[PDB]
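Contents: one structure, followed by commentary.
Chain IDs A, B, C and D follow the sequence of writing; residue 1 opens each chain.
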Amino acid sequence: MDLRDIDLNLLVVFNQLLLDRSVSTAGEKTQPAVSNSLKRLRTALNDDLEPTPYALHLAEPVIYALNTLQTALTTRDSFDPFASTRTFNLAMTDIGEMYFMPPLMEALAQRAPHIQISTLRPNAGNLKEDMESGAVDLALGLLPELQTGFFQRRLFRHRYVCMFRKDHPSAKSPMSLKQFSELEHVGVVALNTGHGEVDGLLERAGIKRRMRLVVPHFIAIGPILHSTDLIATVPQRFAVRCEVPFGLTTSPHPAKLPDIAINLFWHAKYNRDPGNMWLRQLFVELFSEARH
Amino acid sequence: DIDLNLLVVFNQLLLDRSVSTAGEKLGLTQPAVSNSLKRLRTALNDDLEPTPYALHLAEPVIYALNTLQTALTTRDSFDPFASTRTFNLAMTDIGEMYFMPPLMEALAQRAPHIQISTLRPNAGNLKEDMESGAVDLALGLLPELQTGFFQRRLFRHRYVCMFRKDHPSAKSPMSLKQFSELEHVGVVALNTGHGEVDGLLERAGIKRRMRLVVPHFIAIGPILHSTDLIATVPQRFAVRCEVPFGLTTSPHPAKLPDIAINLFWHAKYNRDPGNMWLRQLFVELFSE
Amino acid sequence: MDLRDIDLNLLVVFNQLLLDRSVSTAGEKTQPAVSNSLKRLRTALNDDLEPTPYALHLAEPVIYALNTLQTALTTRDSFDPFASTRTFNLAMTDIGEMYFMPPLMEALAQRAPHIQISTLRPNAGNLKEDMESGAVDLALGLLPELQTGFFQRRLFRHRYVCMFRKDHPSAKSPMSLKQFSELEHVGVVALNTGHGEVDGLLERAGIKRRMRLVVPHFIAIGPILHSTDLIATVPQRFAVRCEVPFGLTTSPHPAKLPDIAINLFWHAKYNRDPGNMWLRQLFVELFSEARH
Amino acid sequence: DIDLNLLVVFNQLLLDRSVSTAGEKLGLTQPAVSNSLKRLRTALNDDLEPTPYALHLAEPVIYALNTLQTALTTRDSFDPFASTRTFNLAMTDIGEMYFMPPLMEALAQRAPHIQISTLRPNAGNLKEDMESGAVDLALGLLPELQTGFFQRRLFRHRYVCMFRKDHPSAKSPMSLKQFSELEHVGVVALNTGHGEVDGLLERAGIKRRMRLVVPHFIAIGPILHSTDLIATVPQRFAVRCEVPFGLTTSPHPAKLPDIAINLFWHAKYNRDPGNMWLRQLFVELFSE
C-alpha cells in the first residue's frame, strides 16, 4: 500500500502543493526537480495539482502528519512542563504527603498547569520494580531498601519534637524529661516506617510513658492534641504542618532521639529522563536545605 | 426425659465434628466419648464429619448451650473510674479523625485510667480478633460482620464539596457545571466506603479534571488550603477541616448516596460490662 | 465447666423453679426425688430456690434454652412454610423465569410470606455440583445434562408458535408457510438452550427467512413486535406472557418443529428434604398439566 | 530531508517490534529489512524489542502514518436504501429492550434491506472485535474503551421505584420509610451499571426486605403485575414497562447516582459512511 505510494518526499513537495503554487519559488525553496516528482505524484495519483478537491483532501492531512515528524524535532531530551499532560507518580508517607504536596501543587499551578500528580505509600505494590518499570517516577523519605539501581539526593534532616495544645494547663517549652514522663501521651506506632523505633529508644533509655492512646497513623494527632491534654512525640515537619491550624505548640524533645533523613529517590534508568529531571529539580528547589 | 450431658458433648462433637477429636479438649478419653456417641446415636435414633439431621438439631442446641453458659459464667466487673483496661477499636482514618478527639476528651472525665488503641479494619482478621477479644469494637462500613455480630447504626455520611474560603471561582451551592470546570483532588481510599465515589462520578458521566490523586485523607486540608483545588469529602471530615485549614463546603451538585457508619461488637461480648459501657459511650457521643 | 454443672435434668426441675413453687405437685408432675436434686442444685449453686434474684436470672434463660430442645420436637421431617425464613435457589432460563415466577410469587404471598426466593440461569456456576451441595434447590427446563444423581418430573410440553402484532397489515393466523417465508423476522439465537436448533431445523427444511434482526435473548421481542411488522418464532409460554401486554397475536407454526419438554429437577440427596418436597409440590400444583 | 519509506517500515518495526519479524508481513526479506534498520539507526543516530527514544518518536509517527493512510485509502460507499450490510451492535438487555424497538421501527423506513444483530458486551473481547469490524457499535457503560475509541454520551439513566397501579400501599412519591416497609424484587445484573444499586442501597444503610432476587430484567414487568412487590429500575425500562404491565413509578426516595449511557465506535471506523450513518441515527433517536 504505502510501499506503492512510494516516495513521500513528494508529499513534502505536496506541502508546497498544500501551500498554493509558488512553484518556481517552491522549486528554488528546483522547478525541474519538482516537475518530474510532481508529475510522478500524478502518475501515482490521477489528480492534476490547478487545485483539485481531493488535492485539498490531501493537502491538510498531509501537513499534520508531516508536521508531527517535524513536531518530532523536539527530541526525547525535550520536555515542556508548561504544556505537558504527563502524569507523575510519587511514593511517600502520610507525613511526606502532608508536607510535600501543598507547596508542590502550589508551585505546579504556574509551572505545569496541565500535568497530573498521583501519590502512593512506599508499600502499595513493590516499589523497586515499579520504579524500574516507570510506574513510579520518584520516591521520598528514608527508604533504606533502595540501594543498587537507585540514585538518591538528600533533601533535609528533621528531629522529633514534642507537641501539645497551646493553652495546655501545664505543658511547657522547652519541656523537661520529668514533665514528659508525668504527662499523658498519644503515640503513633507508624508500622514499617522510620518512626517505629521511637518507643524502643525511649523504653531502652528508662523513660516510662503513660500511653493513653495509640493510633497506627498521624491523621488524627492534630485534632486529638487540640481537644485533649495529651502530648505527642512527632516528626518536626508534621509539627510544622499542624501548629497553626490546630493551635499547637512544639518543644525540643527532652529525650535523646536520632534525627530523620528525608531523601529524594529515583531509578538509574531515569537519571537522564527530561521530565523526571525537571520534577527532581523542582523538588530540590522547593525542599532542599543544603545552602541554609 | 433424656440426659443433657450428652447434649453438652454434642456442641464439641460439632466444633470438633472435624473429628480431631474433641475428647482431648474435653478431658475425656476417646473411648468414653465413643460410648457417649453411642448414647447419642441411640437417644437420637440417628447415626451422626458425617452430619445428618443432627445438623438441623445442632443450631437449636447451640442456641441452647449458649444462653445457659452465659447465664452461668460470672462476668468481669467494670469500674470506669478505676479501670486500667485497654480497649482495641477498629476504624478508618476518617473514623479515627472524627471519633478519637471527642472520645478522648470524654474519656478524660469519665474513665481516666483506661487505655485506647486503634487499628485499621483489615485484616486481623477482624472477625477472628473480635471473636478472641483482641479487638473490642469496630466502626464504619463492614459488610462481613453479620453472623455472631451485633450492630448499630451511629450515623450517615453525606458527601459535600470542599474548597478554600477565598477561592476565586468556587461558589456555594456549587453548580454541576462549575464542578466539572474546576480542578480536583482525588482520594482513592481503597477498600473503604469512600473508595467508591470516583467510580460513582465516573459512571454518572461527570467529567472531572483530576489534578491530584492521593490514597488517603491526611493531606486534603493543607492541600485545599494552598491551592484552588476542590475535593469530594464526607461531611464530618469537612467539619473537622473547615476551621483549622480555612475551608468552606458546598452541597454536592452530583447525586451521591449516603454511607451508613455503624458500630459493631461480637455477640460473645454483648453482656460484657466494659464493652457495654464503651459502646454506650459511642452511642451517646455520636448517634444521630 | 458445664461438666461441673453436671446434671441439667435438674435444670428441667429448675423449670419447675422457673414456674414458682407448685412443689408437691411439681414432684408429682416426686417431692423426695425433687428434694435431693434441688438440694443438689443448691450444693451446686449457693442460692436457696423462696425465689432469689439470681434464681430469676436463671429461670428464664433456662427455659428458652430448654425449650429449643423441645422446640426441636419438630423433626428434620418438619417444615413450616407459613413461618419459614429459608431462602430457595431456583435455576431457570429467562423464559422460565418470566413464566414461572409471577404465579409462584403470587401463590407464595399467602402460603409462605417470610421465605426468600432467588433465581439463576442454568450456567451461573456449575449446576450439578451446586445442586448436590444444596446451593441450588431446584432446576426447571429441559436440561439433558442432569442425569445420574438427579430425579425429574414432567411439568408440561409446549410448541413453538409464530407471533406478531395484532394489527399487522398482512400477517394471518393460522399463518401459511408462504407468508412465513415472505415476511421479515426477528430471531433469537438463544445460545446453549433448547431453542437454538430452530434455525437449523428451518434451514434444513428449505425454509428461507429474511432475518431483519437477531438478538441473543428474549427480553426485547415483545416491544419489537409491537412497534414493527416483524414476526417471530417463539416458545408458546413466552407468547402466553406477551400476548395481552404487548398487543400480540400468535399462530400455530406453519413449519414442522419439535415441542419443548419442561421438567422439574432436583438432586437425589434432597429427594426427602421437607422444604424441597414442599416447594416441589407447589410447582407441581401450579404448573403440571398431567390431568388436563 | 530524510527518506520517508523507512518511516513506513518503522510502524511495523513497532507492531513487530516483537521481532517475529515484520518483514514476512512486509513482503520484504529480513536482510533487506536489516539494511533498512541500518538506514534507520543511522538516520536517527539511535540504536533501536529493545526500544529507545524511538519509543518517544513512535507515537508522533504513528500519528503521522494514520492520517496519511486513511486519506489515501478509498472508503466503502453506503446507500441506506440499497445497503444489504449487517451491523453488529453490543448492548445490555436493558439497552436491547430500550433501543431496538424504536430503532427497528426507524430502519423500516430508512434502510429496509440492512440486517441488525445484537450481542452482549462481554466478552468478544469487545475491543478486539470492534478493532476487527466484527462489532460496529457499542452502547452503555463501558470503561475499558478509551484508547482507539471515540465515544459520545446518549443520555443518563435515572433510577425510579416501580410497582403495580392498584398497589394497596405504595404511593408516589414514595417515602424512604415506606420503601423499607414494602417487599422488593432484586435484579443482580452482574457486571452492568445497574448491578451496583443493591450495593449502594446496602452501604446507605437502607434496610430492604428482599423477597425475590433475579439475575436479569426480563421478568420484572410480569412479576410486579402479579404481586405487591416493588422494584428499583432505570427510568427507561420503567417507561418500556408501565403501559404493557399496568405499572406506575415513583421518584426514588434514596439518593442514587445517574448512569451515563454512551455510544462507542472504534477510531478506525470514524470515517466509515455506514458506521457514521447508523451512529448518527442513534444520536438522532436517543440523545437528550
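Convention: contacts are C-beta pairs under 8 Å (C-beta built on N, C-alpha and C of every residue); 3 or more make two chains touch, one makes a residue touch a chain.
Asks: Cα centroid separation between chain B and chain D, in whole Å?
Replies: For chain B versus chain D, the centre distance works out to 38 Å.
Asks: In whole angstrom, what separates the CA-based centres of chain A and chain C?
Replies: Chain A and chain C have C-alpha centres separated by 58 Å.
Asks: On a C-alpha centroid basis, what's the spacing between chain A and chain D, in Å?
Replies: 34
Asks: Out of chain B, which residues touch more than one other chain, so two or more?
Replies: none
Asks: How is the touch graph of the chains shaped: line, ring, star, complete or other?
Replies: Looks like something else, not a line, ring, star or complete graph.
Asks: What is the complete set of touching chain pairs?
Replies: By the stated definition, chains touch in these pairs: A-B, A-D, B-C, B-D, C-D.
Asks: Any idea which chain B residues touch chain C in the complex?
Replies: Residue list for chain B touching chain C: 1, 3-5, 7-8, 26-27, 52-53, 56-57, 60-61, 63-73.
Asks: Mind pulling up the chain B residues that touch chain A in the complex?
Replies: It comes out as residues 93, 96-97, 100-102, 104-105, 107-108, 115-120, 210-219, 221-223, 225-229, 240, 244-245.
Asks: What part of chain B is in contact with chain D in the complex they form?
Replies: So the residues of chain B in touch with chain D come to 141, 143, 153, 156, 193, 196, 200-205, 254-260, 262.
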